[PDB]
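Single chain ahead, written as structure tokens, the form deposited in one PDB entry.
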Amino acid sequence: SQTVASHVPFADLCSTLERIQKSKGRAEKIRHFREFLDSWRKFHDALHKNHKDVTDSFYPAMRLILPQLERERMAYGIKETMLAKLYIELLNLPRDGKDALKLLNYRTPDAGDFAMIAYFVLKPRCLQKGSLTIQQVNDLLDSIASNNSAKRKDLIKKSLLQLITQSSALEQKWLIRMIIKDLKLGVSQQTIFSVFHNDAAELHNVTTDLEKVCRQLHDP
């Protein structure tokens, strides 16, 4: 296609995020993040060797890794009780049942947020793994934000059901955390920006062109 995100599955991103969250100590989290960056550039190179000159922008992934910096999309207009009802009819669970109740009676506490509970409910029964790329997830989230800007809760529910019915339980966990806009990764935004930049700079391999260096040192 046109971009790397159109070929990277959303399951790769969700897997990376799950490893980061489950990792203790910054070294392992950072190492998984660098694993994901290296996989990204790897996809870029494979696509170029298959004669597909694609952008190498990481923004389609970074906007999901840092949802609270999301400014291209507007507010999703989704709160956790909507997700409770949604998940409470899609599932065919008994209203005020054992599992079903937990979603309604939820209180924001470490890592005991709504997404964790929804994942605990979805792991027993759910769909055929995942099938959407990062670009398709970004398109569906774009549709949710747009429909919210047009004041159409019905269409919000529509597009989000499109998201859910094509995603595995894990993918739904991290999707929920991306709509609520806090991932609880155990590592800071400052650190993510730092590892991103330091990765680029470490791999830049600046080449000393002595003539260009002379022209640089001779003129401010």
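Numbers follow the displayed sequence, beginning with 1. Whichever C-alpha set is largest while still superposing within 1.5 Å between the two forms counts as the rigid core.
The form deposited with a partner chain bound exists for this protein as well; it is not shown, and the discussion that follows is about that form.
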{"property": "4.5 Å heavy atom contact, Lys42 to its partner chain in the bound PDB entry", "result": "yes"}
{"property": "Interface membership of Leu47, its partner chain in the bound PDB entry, 4.5 Å heavy atom rule", "result": "yes"}
{"property": "Non-hydrogen atom contact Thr16 with its partner chain in the bound PDB entry at 4.5 angstroms", "result": "yes"}
{"property": "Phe36: touches its partner chain in the bound PDB entry, heavy atom cutoff 4.5 angstroms", "result": "yes"}
{"property": "Interface segment, criterion being heavy atoms within 4.5 Å of its partner chain in the bound PDB entry, picked from 21 to 29, 7 to 15, 207 to 215, 193 to 201", "result": "7 to 15"}
{"property": "Position that moves between this form and the one not shown after core superposition, taken from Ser194, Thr55, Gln162, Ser168, with Cα shift of 2 Å or more", "result": "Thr55"}
{"property": "Large Cα move at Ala46 between this form and the one not shown, threshold 2 Å, rigid core", "result": "yes"}
{"property": "Yes/no, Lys24 Cα shift of 2 Å or more between this form and the one not shown with rigid core fixed", "result": "no"}
{"property": "Closer or farther in the bound PDB entry, the Cα atoms of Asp199 and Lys173, when the shift from this form is 3 Å or more", "result": "farther"}
{"property": "Pair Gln190/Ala201, Cα separation in the bound PDB entry versus the displayed form, closer or farther by 3 angstroms or more", "result": "closer"}
